[PDB]
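Below sits a lone chain in structure tokens, taken as the form deposited in one PDB entry.
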């Protein structure tokens, strides 16, 4: 009947990952920026950027999606020293966004992994899950996840969703520019607020 896998995938993504990772994020980014400012006179944005390609195409390397999205460094962990608070090994990567080979921006960036599940499901024949179903569930994942963060205790403030449909008329996208767009708007806000 009313089957919507995106509901559980979004809730699970929030409860089992974002809720755990986001509280400590700002401090880990600050404590890295004290050095990144000193070294390269740059600054890493404080929000986790989440890629949500509506086509559910998740590469295992970001740079293969865009040579202007370049791995810079690993974001180090939290400092409390037993169990965690919820500091375990989650790897978070910092990327520099390029324009003409020059650095135009810098952020912690990653794909929302539950879209891989939607892709794998569309390739699993016994699921009866078409590419049109997949797209519909991708959009519903985004909207569900958005609603969740709207009522979340500044988990909202800790991350930014970047959903995008790509040309099937098949110009190339610029993911780096889409991301750069968000980073610049974010800085505008932080400085006019």
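Here the rigid core means the biggest group of C-alpha atoms that line up within 1.5 Å when the two forms are laid on top of each other. Numbering follows the first chain given and starts at 1.
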Residue 84 unmodelled in at least a third of other compared entries: yes
Missing-residue flag, residue 167, threshold a third of other entries: yes
Greater mean Cα temperature factor according to the PDB record, 10-18 or 172-180: 172-180
Per the entry, higher mean C-alpha B factor between 47-55 and 64-72: 64-72
Residue of maximum C-alpha B factor among 93, 78, 122, 116, per deposited coordinates: 78
97, 112, 89, 109, ranked by C-alpha B-factor: the highest one: 89
Record-listed C-alpha B factor of residue 160: chain third: lowest
Residue 5 by Cα B-factor - lowest, middle or highest third of the modelled chain: lowest
Residue 37, C-alpha B-factor rank within chain (lowest, middle or highest third): highest
Chain-relative CA temperature factor third for residue 27: highest
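Unshown form deposited in another entry; subsequent notes refer to it.
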Flagged residue of 99, 87, 73, 110 - C-alpha shift reaching 2 Å or more between this form and the one not shown, core superposed: 87
Threshold 2 Å Cα movement between this form and the one not shown for residue 27, core superposed: no
Cα displacement of residue 39 between this form and the one not shown reaching 2 Å, rigid core superposed: yes
Flag for residue 127, CA shift 2 Å or larger between this form and the one not shown after aligning core: yes
In that other deposited form, whether the C-alpha atoms of residue 80 and residue 19 sit closer or farther than here (change of 3 Å or more): closer
Sense of CA distance change between residue 13 and residue 79 in that other deposited form, threshold 3 Å: closer
